[PDB]
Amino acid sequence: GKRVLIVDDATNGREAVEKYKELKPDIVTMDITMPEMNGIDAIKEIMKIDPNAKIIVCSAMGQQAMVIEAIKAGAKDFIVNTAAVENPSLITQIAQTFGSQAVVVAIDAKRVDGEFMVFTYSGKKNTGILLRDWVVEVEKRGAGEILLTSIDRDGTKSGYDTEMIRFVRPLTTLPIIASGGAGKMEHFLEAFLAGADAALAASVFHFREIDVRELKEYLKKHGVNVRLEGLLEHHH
């Protein structure tokens, strides 16, 4: 690409096999955690109504029991955050089975005392690990793509963390999907200019702050390659 990711996030269903065919999206993402809500049962139906893919499983943590059963259903790809920080090897582990392609590492970052630092458990434990460090590590461990979310920007509807991107950019060769403060059409350009290979966004379209057709034409009128895709997800 790049590469703009339009998200529909629904939700605890059920509201999947219904939304999937009616929205023909390029991902989905599936939270499967704890053996209670029809995660695995959902996938099978898709892997039927469309034998292809592309489902990305949300593995973390300790409920691997489910992940295994999910892969038996046809799951080929995964994102990881906390469980990779606990155990960096877990990446190499997957990447060896399914290839580097198959693994995306989500990274949650926040600047503390003028220093980019990593945060886990849905962005709350300050790991005391410099972002700069983890980035390199993650690549060497065998990642595919980095899902850099800026906490200092997440939900500020005030722009992507173009600074955090630039910081990460030269430290890697891997694609970088950028996440955080999607605010206006202009903000997407800045992200691409920073280095981000992809931009993710939910709130702006959901609430029609921004028109997806218009955003395509805007970026087109500036000479950018895109390429926009449909995400889809349960749960939190």
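Quick note: we count residues from 1 along the sequence shown, nothing fancier.
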Inset, instruction - Would you determine, from the values in the PDB entry, which of 193 to 201 and 43 to 51 has the greater average C-alpha temperature factor? - result: 43 to 51
Legend entry - Ranked against its chain, the third holding the CA B-factor of residue 62: highest
Inset, instruction - Going by the recorded CA B-factors, say which third of the chain residue 28 sits in, lowest, middle or highest. - result: highest
Legend entry - Third of the chain's Cα B-factor distribution that residue 35 belongs to, per the entry: highest
Inset, instruction - Would you check the entry's CA temperature factor for residue 182 and let me know if it's in the chain's lowest, middle or highest third? - result: middle
